[PDB]
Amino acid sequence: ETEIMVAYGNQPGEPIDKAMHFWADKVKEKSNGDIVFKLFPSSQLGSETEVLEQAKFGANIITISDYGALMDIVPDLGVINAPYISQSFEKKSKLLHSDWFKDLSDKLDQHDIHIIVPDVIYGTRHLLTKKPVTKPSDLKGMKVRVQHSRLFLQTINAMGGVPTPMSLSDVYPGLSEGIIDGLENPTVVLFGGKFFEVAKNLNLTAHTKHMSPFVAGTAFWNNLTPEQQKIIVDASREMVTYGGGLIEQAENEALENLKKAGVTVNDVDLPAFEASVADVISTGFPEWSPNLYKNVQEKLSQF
């Protein structure tokens, strides 16, 4: 049999974890045992960035990644989750099957990473902080954690905070030790990581409707048979639809779970938060093609 390790940062029982189990079961079933996934939640194989490195070098790994992270390699991918670019997961899904996207995925393949599935719904990212945040000025001097992603570092800087890059597994002790004052993620990820134990203000900035790729190194992926590849990709499509079902009410459920555990939920000045990123989306990523955000904003509109 062909064993593949699946890596992500989410805790057991979270939507992404349930989706990966769905994917694993389906691949095992369709391949009659020839393809098996072994799941590694909670960053067990290492940090998200570290695992991408292991994959690129040929490890038998499929790992969640991030478009904002992948923009180190193919810059234009980073616009997919650019702040406030679209409120619609469905329109993003369409974008992620467009020729504009295909060409970027083909570019990434030549840099030794392959996107197997591009459009897993991860959820709507919100700030979780020690003190309430309702407008950008409230982030003044606040050390807000971001993952290793150029897109989110620049977004949090534009929003008014002090972006502090760190791996997901270091966030909880970072909050507890006072190294950082908050982070951002979807409710299901904030609840799963128990970050509510050390940061009790959920501020509904809703800055990213986050789409997730799962990727493998081209040097491992290309040495799979075409038949194995197709089983994995066919199954991944069903996994996306299944996860869409999981996430539909899971984000509200987690919102309620957060409140029950003592988190205060703050509405924010959304027009002020959207305004705060107007410069950064236009000229803050000099490596982007000219007018990329507005181009994609508009593509998303034909949908």
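In this text, residue numbers run from 1 along the sequence as written.
Look at the mean CA B-factor for 194 to 202 and for 116 to 124 in the entry; the higher one is 194 to 202. Here 222 to 230 and 152 to 160 are compared by their mean Cα B-factor, and 222 to 230 comes out higher. Ranking 88, 169, 129, 185 by the C-alpha B-factor listed in the PDB entry places 169 at the top. The residue among 83, 136, 141, 213 whose C-alpha atom has the highest B-factor in the PDB entry is 141. In the deposited entry, the Cα temperature factor of residue 245 sits in the middle third of values across the chain's modelled residues. When the CA B factors of the chain's modelled residues are split into thirds, the value for residue 103 lands in the highest one. Residue 93 sits in the middle third of its chain by CA B factor, as recorded in the PDB entry.
When the modelled residues of the chain are ordered by their C-alpha B factor, residue 7 lands in the middle third.
Annotation for residue 77: C-alpha temperature factor in the lowest third relative to the rest of the modelled chain, per the entry.
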